[PDB]
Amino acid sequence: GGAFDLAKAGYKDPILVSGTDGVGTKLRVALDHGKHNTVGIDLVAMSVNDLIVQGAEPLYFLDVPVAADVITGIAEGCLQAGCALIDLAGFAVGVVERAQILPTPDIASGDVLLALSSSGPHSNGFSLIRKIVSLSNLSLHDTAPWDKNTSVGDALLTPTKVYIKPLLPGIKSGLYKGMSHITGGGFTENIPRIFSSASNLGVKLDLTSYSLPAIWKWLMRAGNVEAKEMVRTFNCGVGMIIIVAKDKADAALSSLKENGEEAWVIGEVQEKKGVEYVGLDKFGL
């Protein structure tokens, strides 16, 4: 009831970390569509995903009948993340063992980047998406031209994935060296945050390592969005980027899939600041 026994939770050297994030335009999409339960899940997912990149298990979370529908989603999001419930914004508190806190300072050139699939746009890029959908003469309750089994609104309102459960096992085992929750600004803006402001290291991202999900292929064509713009606006099907040493890449991938997260090798660390893209001319085929 508000108090958490950290030792009973398994922590003998706990470090407290705090995360915060918001939703934004996706709420306007939930309004115009009528269903708001997902945006409550998004507010939790975004907040707790910002904790897991540091290796922390979430503990607390804090943030009209519209408000009633969202609060039910927040509840569903906490149950999926495993934390206690206390333009939108959320705040979560988590804990991580001192020896397991991320990112580590052992990151070097040659380390491998892994990618976790996203459920969709998550909670970023909806201002542009709405424009592309409208100019294509579509409405939220139309059948999605890329997924005939669902409507445009439902596909866009798909809740942000919660990456707490599938990552904690590898965090406890020291399989990961750093992570980046892919939110606004795509790969270009998010991945560099793993390194220091004056770090000589960056990443090389192989955009041919996977096939673009259908929703992004459609948005890319319907909106005449060039590949270099896609990777700077949307998550492009990747919800989380994780850096791991080469000798641990197999174990990390096995752990992620064991916990139900589709993962693959998407790039590598190199001695060049920023994000460098391979196959920009093939991205989207």
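The first residue of the sequence shown is number 1, and the count goes up from there.
Unmodelled stretch separating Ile86 from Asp87: 10 or more residues (count of deposited-sequence residues without coordinates). In the deposited sequence, the stretch from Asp63 to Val64 hides 4 to 9 residues that have no coordinates. Between 75 to 83 and 122 to 130, the higher mean Cα B-factor belongs to 75 to 83. Stretches compared: 253 to 261, 235 to 243. Higher mean C-alpha B-factor in the entry: 253 to 261. Looking at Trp146, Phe187, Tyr176, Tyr163, the one whose CA carries the top B-factor in the deposited record is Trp146. In the deposited coordinates, the residue among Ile171, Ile215, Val112, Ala198 with the greatest CA B-factor is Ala198.
Sort the modelled residues of the chain by CA B factor and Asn49 lands in the lowest third. Sort the modelled residues of the chain by CA B factor and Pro58 lands in the middle third. Sort the chain's modelled residues by C-alpha temperature factor and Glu229 lands in the lowest third, per the entry. When the modelled residues of the chain are ordered by C-alpha B-factor, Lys204 sits in the lowest third. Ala92 sits in the highest third of its chain by CA B factor, as recorded in the PDB entry.
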